[PDB]
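Sequence positions, counted from 1, serve as the residue numbers for this chain. Any value given below was found using the heavy atoms of this structure, including those in side chains, with hydrogens, waters and symmetry copies removed. All ligand and atom numbering here is 1-based and tracks the order in the structure.
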Amino acid sequence: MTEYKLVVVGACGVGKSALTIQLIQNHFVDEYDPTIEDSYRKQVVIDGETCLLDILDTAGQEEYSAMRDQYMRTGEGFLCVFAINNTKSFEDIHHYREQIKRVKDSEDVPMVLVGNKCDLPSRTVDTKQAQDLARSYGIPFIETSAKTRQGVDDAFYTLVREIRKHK
Ligand SMILES: *CCC(=O)N(CCC(=O)Nc1ccnc(-n2ccnc2C)c1Br)c1ccnc(-n2ccnc2C)c1Br
Ligand SMILES: Nc1nc2c(ncn2[C@@H]2O[C@H](COP(=O)(O)OP(=O)(O)O)[C@@H](O)[C@H]2O)c(=O)[nH]1
């Protein structure tokens, strides 16, 4: 069966790990715990096709570190994550997208824009700003909450669909 290497990028604290832990381990915990189980693999069925998801979480890596460069060049698709209550994380998306484009030497890389923490009443980045940005990039935009599980599976499955359209 086909294996998809999905890379999760974005500023520290946007919820890249919480999104991964929900998808793979079925839970959310607010407290940071680095001793949690190291599973990043899940067998799943998307649009009838059975596949294996391998999630490469860039959290905890220094920017420009070797492991981060390795994750990016082996990754087939990218989730570009910002938090809806973190303006700077949204402004940083352009930087993460340009970096993926450089490391892949491609102007057409499968990507999904993810607006995380959509359970928060606290909102400094509007849906329209994110929809206009994803439209200019020609990529899907998905609103998620790693806390309530809203849009989580949709964001990773939409990325797999983007990889398939590309191939
Ligand atoms: C800038 C903040 C952090 O990056 N960070 C570390 C977060 C981290 O490494 N998370 C992470 C990376 C890769 N895999 C997993 N993971 C385990 C199981 N499944 C997955 C997806 C995870 Br959980 C961070 C966050 C919060 N606090 C701290 N911290 C503790 C003490 N001092 C500091 C700043 C850190 Br370093
Ligand atoms: N309210 C809320 N908090 C979240 C959500 N996702 C992550 N967080 C919290 O935001 C903090 C940072 O998340 P983390 O997954 O470690 O971010 P990362 O650095 O991008 O991997 C933690 O306290 C999480 O519990 C979410 O959807 N909603």
Side-chain angles (χ1 to χ4, degrees), residues 3-44 51-100 103 109 111-131 133-134 139-160 163:
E3 190 167 331
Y4 298 102
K5 281 179 168 281
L6 309 183
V7 181
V8 194
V9 306
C12 186
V14 298
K16 296 179 301 294
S17 306
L19 285 168
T20 304
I21 295 155
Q22 268 280 20
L23 185 78
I24 308 295
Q25 298 188 242
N26 205 24
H27 68 263
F28 178 80
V29 70
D30 242 301
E31 233 181 281
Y32 176 65
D33 179 23
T35 74
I36 187 179
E37 206 173 328
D38 60 304
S39 188
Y40 299 90
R41 295 262 273 262
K42 199 196 190 168
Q43 194 184 298
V44 90
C51 59
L52 197 70
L53 301 189
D54 189 23
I55 289 79
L56 295 181
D57 181 16
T58 67
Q61 292 171 341
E62 297 280 345
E63 262 235 281
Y64 313 108
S65 70
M67 270 303 158
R68 187 172 241 129
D69 195 275
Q70 283 164 34
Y71 275 22
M72 287 192 184
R73 76 179 104 91
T74 71
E76 296 166 85
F78 300 80
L79 284 192
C80 295
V81 189
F82 72 92
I84 56 79
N85 68 331
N86 187 339
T87 303
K88 172 150 173 51
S89 75
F90 176 77
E91 300 170 338
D92 289 346
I93 289 298
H94 178 69
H95 160 85
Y96 291 105
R97 180 179 169 82
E98 285 303 297
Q99 193 167 84
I100 292 153
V103 166
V109 184
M111 265 182 230
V112 168
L113 182 66
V114 178
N116 193 44
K117 310 196 187 181
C118 79
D119 54 284
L120 292 176
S122 208
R123 192 210 269 266
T124 50
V125 182
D126 298 319
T127 304
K128 235 279 154 285
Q129 294 180 275
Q131 281 167 342
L133 187 68
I139 67 167
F141 170 55
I142 295 107
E143 286 198 341
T144 64
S145 177
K147 182 179 180 178
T148 72
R149 184 79 182 242
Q150 180 204 149
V152 178
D153 309 71
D154 185 19
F156 290 90
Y157 291 9
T158 303
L159 182 54
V160 167
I163 297 166

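In terms of protein heavy atoms, atom 12 (C) of ligand 1 is closest to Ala59 O, 3.3 Å. Closest protein heavy atom to atom 27 (O) of ligand 2: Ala146 N, 2.8 Å. Nearest protein heavy-atom contact of atom 10 (O) of ligand 2 is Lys117 NZ, 3.1 Å. Ranking protein heavy atoms by distance to atom 19 (O) of ligand 2, first place goes to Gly13 N, 2.9 Å. In terms of protein heavy atoms, atom 21 (O) of ligand 2 is closest to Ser17 OG, 2.6 Å. In terms of protein heavy-atom proximity, atom 10 (N) of ligand 1 is nearest to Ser17 OG, 3.4 Å. Of the protein's non-hydrogen atoms, the one nearest atom 1 (C) of ligand 1 is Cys12 SG, 1.9 Å. Counting only heavy atoms of the protein, atom 16 (N) of ligand 1 lies nearest to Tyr40 OH, 3.3 Å. Summary of contacts: the protein heavy atom closest to atom 6 (C) of ligand 1 is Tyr32 OH, 3.4 Å. The single protein non-hydrogen atom nearest to atom 21 (C) of ligand 1 is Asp57 OD2, 3.3 Å, given as residue, atom name and distance.
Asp119 contributes no side-chain N or O that, together with a main-chain N or O of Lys147, makes up a donor-acceptor pair within less than 3.5 Å. Between the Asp57 side chain and the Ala59 main chain, a donor and an acceptor come within less than 3.5 Å of each other. At distances below 3.5 Å, not a single donor-acceptor pair connects side-chain atoms of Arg41 with backbone N or O atoms of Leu52. Judged by distance alone, the side chain of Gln22 and the main-chain N or O of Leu19 form no donor-acceptor pair under 3.5 Å. Under the 3.5 Å distance criterion, the side-chain polar atoms of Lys16 are matched with a main-chain donor or acceptor of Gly10. Looking only at distances, no side-chain donor or acceptor of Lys5 sits under 3.5 Å from a matching main-chain atom of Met72. One N or O on the side chain of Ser89 and one on the backbone of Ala83 form a donor-acceptor pair closer than 3.5 Å. When atom types are taken as modelled, the side chain of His27 and the backbone of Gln25 share a donor-acceptor pair closer than 3.5 angstrom. Judged by distance alone, with hydrogens and angles left aside, the side-chain atoms of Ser65 form no donor-acceptor pair with the main-chain N or O of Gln61 at under 3.5 Å.
Near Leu120, with a cut-off below 4.0 Å to any heavy atom, the atoms of ligand 2 are 1 (N). Using a 4.0 Å cut-off to heavy atoms of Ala18, the atoms of ligand 2 that qualify are 6 (N), 7 (C), 15 (O). Listed by number with element, the atoms of ligand 2 under 4.0 angstrom from any heavy atom of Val29 are 25 (O). Residue-ligand proximity, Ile21 to ligand 1, at heavy-atom distances under 4.0 Å covers atoms 19 (N), 20 (C), 21 (C), 23 (Br). Numbered from 1 in the order shown, with element, the atoms of ligand 1 that lie under 4.0 Å from a heavy atom of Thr20 read 21 (C). Those atoms of ligand 1 that come under 4.0 Å of a heavy atom in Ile36, given as number and element, are 17 (C), 18 (C). Ligand 2 places these atoms under 4.0 Å from at least one heavy atom of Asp119: 1 (N), 2 (C), 26 (C), 27 (O), 28 (N).
The shortest N or O to N or O distance between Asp57 and ligand 2 is not below 3.5 Å. When only interatomic distances are considered, the shortest N/O to N/O separation between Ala59 and ligand 2 does not fall below 3.5 Å. Residue contacts with ligand 2: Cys12 is placed with no nitrogen or oxygen under 3.5 Å of a nitrogen or oxygen of the ligand (distance criterion only). On a distance-only criterion, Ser39 and ligand 1 share no N/O pair closer than 3.5 Å. Taking distance alone, with nitrogen or oxygen atoms compared against 3.5 Å, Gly60 approaches ligand 1 more closely than that limit.
Heavy-atom contacts from other residues, nucleotides or ligands closer than 6.0 Å to NE2 of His94 number 12 or fewer. Heavy-atom neighbours of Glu98 CD from other residues, nucleotides or ligands within 6.0 Å: above the threshold of 12.
For the pair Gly10 and ligand 2, no heavy-atom separation below 4.0 Å is found. In this structure, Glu37 has a heavy atom closer than 4.0 Å to ligand 1. Within the 4.0 Å heavy-atom cutoff, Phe28 counts among the residues contacting ligand 2.
Between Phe82 and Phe90, the ring planes lie perpendicular to each other; the angle is over 60°, past the 30° to 60° tilted range.
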* Might you work through the salt bridge (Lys or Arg N to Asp or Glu O under 4.0 Å) test for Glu143 and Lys128, ending with a clear yes or no? => CA-CA 12 Å; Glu143 286 198 341; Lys128 235 279 154 285; over 6 Å; no
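Comparing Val8, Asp30, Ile21 against atom 25 (O) of ligand 2, the shortest heavy-atom distance belongs to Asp30. Residue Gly15 holds the heavy atom nearest to atom 17 (O) of ligand 2 of all those in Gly15, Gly115, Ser122, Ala11.
Considering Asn86, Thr87, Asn85 in turn, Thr87 is the only one that fulfils the side chain to side chain donor-acceptor pair (under 3.5 Å) rule with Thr124.
If you look at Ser145 next to ligand 2, the close heavy atoms, those under 4.0 Å, come from the backbone and the side chain alike. Proximity of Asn116 to ligand 2, defined as any heavy-atom pair under 4.0 Å, is confined to the side chain (atoms from C-beta onward). Contacts of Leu19 with ligand 2, taken as heavy-atom pairs under 4.0 Å, are absent altogether.
For atom 31 (C) of ligand 1, the nearest protein heavy atom lies 4.0 Å or farther away.
Residues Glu62 and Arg68 fail the side-chain proximity criterion, which asks for heavy atoms closer than 4.5 Å. Under the 4.5 Å side-chain criterion, counting only non-hydrogen atoms from C-beta, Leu56 is not in contact with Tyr40. Between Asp54 and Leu6 there is no side-chain heavy-atom pair separated by less than 4.5 Å.
The nearest pair of heavy atoms linking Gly15 to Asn116 is CA-ND2, 3.6 Å.
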